[PDB]
Structure formats: C-alpha cells, structure tokens
C-alpha cells in the first residue's frame, strides 16, 4: 500500500534505523558496490575488445564454395568405398556420411547400411569406430 514509486519495506526501514549512522553506511556500501561493478565492466569490455580483434577477418579465407550434386540413385564402387570409410569415421551420423559422398540422400545411406551390412562387415566397422 505505499505510494507508487515509493519504496518502503519493513526490512529496509529497520536497516536504516537500527543505528545512529546506519543510513549513510548502507548507502556507502552501495556506492562502493556500484564502483566495483563498474570496474568489472571495464575489464570485460577490454577483454572482449581484445577478443574481437582476433576475429578480424571472420572465417572468410577459410570457407569453401558450396557445390550441389544431383542426388543419384546408383552406387559406384568408388561411392561405396567412400561410405565404408565414412562409417568407420562418423558411425551412425547419416547426415555427415551423405555430405561426404555428395550424391546420396540420407535415406539412401540408411538403405546402404542394411543392403551391404553383410558384405562390408558394417557391424565390425561400427564396433571399430566405437573404440577411439
């Protein structure tokens, strides 16, 4: 029930009246508290300004061009051999395996996992990936 924009908690009232110099002490510690928060802002602004200056250049010297490849349905020998190595390295990450081969959808990779499961010891290969 205090006026709007007045602030008057029982808690704060006692803290400002419990002592002859309670008030100025309270407000002094808030002054020093605010000073040390501003001090801390200065250190992070300067720390972050140094970090921004390391990101000068972005990653633009390092971004490859984006090639699109017509998602073909036939598995060349070379494309099957890429899949087996991508399984060895990426496990069940069907998306990464697709991205490596270039012209194979995620599902086509999944289908590959079963049709060539026997002939490519795919189980052995996944076991081989889980060691490292």
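Positions refer to the first chain, counted from 1.
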(request) Between 48-56 and 62-70, name whichever shows the higher mean Cα B factor according to the PDB entry. (result) 62-70
(message) Using only C-alpha atoms and the B-factors in the entry, which stretch averages higher, 102-110 or 31-39?
(response) 102-110
(message) Going by the CA temperature factor in the PDB record, which third of the chain does residue 13 belong to: lowest, middle or highest?
(response) lowest
(request) Name the third of the chain's ranked CA B-factors that contains residue 126, choosing lowest, middle or highest. (result) middle
